[PDB]
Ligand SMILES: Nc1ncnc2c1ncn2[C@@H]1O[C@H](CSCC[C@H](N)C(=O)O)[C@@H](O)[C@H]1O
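Starting off, we have a lone chain in the form deposited without this ligand, written out as structure tokens.
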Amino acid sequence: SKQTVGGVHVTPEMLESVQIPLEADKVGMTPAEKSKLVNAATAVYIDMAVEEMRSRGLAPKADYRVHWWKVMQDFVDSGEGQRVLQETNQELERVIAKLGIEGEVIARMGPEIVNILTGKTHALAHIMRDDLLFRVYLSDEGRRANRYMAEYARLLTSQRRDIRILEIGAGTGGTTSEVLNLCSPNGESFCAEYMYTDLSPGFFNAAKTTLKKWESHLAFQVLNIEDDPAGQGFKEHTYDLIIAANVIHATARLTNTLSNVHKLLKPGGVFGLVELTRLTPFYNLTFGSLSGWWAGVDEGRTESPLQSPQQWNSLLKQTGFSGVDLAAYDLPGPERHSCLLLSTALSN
């Protein structure tokens, strides 16, 4: 329309239309094609692990990993495995070689499923080796939604001055990097404040190094979004934009988390929520081995920590937001799996 969010004009078609370079290009694949293949290559390893666990009479360690095992089991036993497979199986390594970072994750994690389940491999240590975990955030499978966020942050900050931005779970700054590269392509100081936050300060040095072009304009402060932001030295209701890319789901109680996001935003401020729209085999492989994926189990998020856009919409309205004002999806069709959701913080 002439739809605005945070006072600037933006539409789903505006963001979703954007074309960006993907590793998939260099192999001549469409993003939907690659995503298909990524999850098909993943399905092979899932199927192999399920059959191996069953053949050897193995059971997982009795912790959150059983939830990972269950999803894998359901994926195979529901015939979903077969379906994904039938759209093949020792161009597998040749396929994987062309799947870039996702292929690397698959190559690293796929053969280790049984080891992780049975406690012979520390999943987090394993996937963090060579900063692979950090690089998966830069992968094709999640870069379009991050670019949507960047594009919206560019729209906002280019059209409005002295915008205050906070990023939750910035991590090693993959989203941050997409944002800065778009909003400040050569150091251009573009907002009143970019507050770079994470649960642990251990990221910050690496972040400062990776983002040295914007060193000064970034502030760095620890923020555990599951706890009250005020107690952690943040000024409530001072932010115009909060960016949270695939972090909000990794919390125990979404309404509590969202309530805390609300505390930081001024009335009318925008919440940029970048989230997976649905569980895919690749995401279960990659993140399901990690304890944080199962943070929502106690409140019924047991297949994964994820919520649909419709669920986020309702949760947002319940926690003082407008709901989803705008959804921009990474892809159309069956392969769609991630999105930008924009929401407005409401005064109450």
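Start at 1 with the first residue shown and count on from there.
Asker: Scan the PDB entry between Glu87 and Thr88 and report the missing deposited residues as one of none, 1 to 3, 4 to 9, 10 or more.
Answerer: In the record, 1 to 3 residues between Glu87 and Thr88 lack coordinates.
Asker: Would 268-276 or 219-227 have the larger average of its C-alpha temperature factors, as given in the entry?
Answerer: According to the PDB entry, the answer is 219-227.
Asker: What stretch has the higher average Cα B-factor here, 93-101 or 120-128?
Answerer: Per the PDB record, 93-101.
Asker: Between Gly110, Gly169, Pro201, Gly142, where does the Cα B-factor run highest in the record?
Answerer: Top of the list by C-alpha B-factor: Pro201.
Asker: In terms of recorded Cα temperature factor, pick the maximum from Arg253, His262, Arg147, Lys235.
Answerer: When the deposited C-alpha B-factors of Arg253, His262, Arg147, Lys235 are compared, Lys235 is largest.
Asker: Would you check the entry's CA temperature factor for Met29 and let me know if it's in the chain's lowest, middle or highest third?
Answerer: Its C-alpha B-factor belongs to the highest third of this chain's values.
Asker: With respect to C-alpha B-factor, does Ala327 fall in the lowest, middle or highest third of the chain as deposited?
Answerer: According to the entry, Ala327 has a C-alpha B-factor in the chain's lowest third.
Asker: What third of its chain's C-alpha B-factors does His249 belong to: lowest, middle or highest?
Answerer: Lowest third - that is where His249 ends up once the chain's C-alpha B-factors are sorted.
Asker: Mind checking which third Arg301 falls in for C-alpha B-factor across the chain?
Answerer: Lowest third - that is where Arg301 ends up once the chain's C-alpha B-factors are sorted.
Asker: Grab the CA temperature factor for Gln19 from the record and place it in the lowest, middle or highest third of its chain.
Answerer: Highest third of the chain for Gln19's C-alpha B-factor.
The following text describes the form solved in complex with this ligand, which does not appear among the structures shown.
Asker: Name the single residue among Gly174, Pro229, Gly81, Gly110 that comes within 4.5 Å of this ligand in the bound PDB entry, judging by heavy atoms.
Answerer: Exactly one listed residue reaches within 4.5 Å, namely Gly174.
Asker: Using heavy atoms only and a 4.5 Å cut-off, determine which of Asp198, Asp140, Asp240, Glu178 is in contact with this ligand in the bound PDB entry.
Answerer: Only one option qualifies, and that one is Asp198.
Asker: Answer for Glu167 alone: is it within 4.5 Å of this ligand in the bound PDB entry, judged on heavy atom distances?
Answerer: Heavy-atom contact with this ligand at 4.5 Å: present for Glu167.
Asker: Can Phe203 be called a contact residue for this ligand in the bound PDB entry at 4.5 Å between heavy atoms?
Answerer: Residue-level check for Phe203: yes, a contact with this ligand.
Asker: Classify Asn224 as contacting or not contacting this ligand in the bound PDB entry by the rule of any non-hydrogen atom within 4.5 angstroms, answering yes or no.
Answerer: Residue-level check for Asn224: yes, a contact with this ligand.
Asker: How about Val76 - does it come within 4.5 Å of this ligand in the bound PDB entry, if we only consider non-hydrogen atoms?
Answerer: No, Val76 stays farther than 4.5 Å from this ligand in the bound PDB entry.
Asker: Using a 4.5 Å heavy atom cut-off, which stretch among 209-217, 119-127, 155-163, 241-249 contacts this ligand in the bound PDB entry?
Answerer: One stretch meets the cut-off, namely 241-249.
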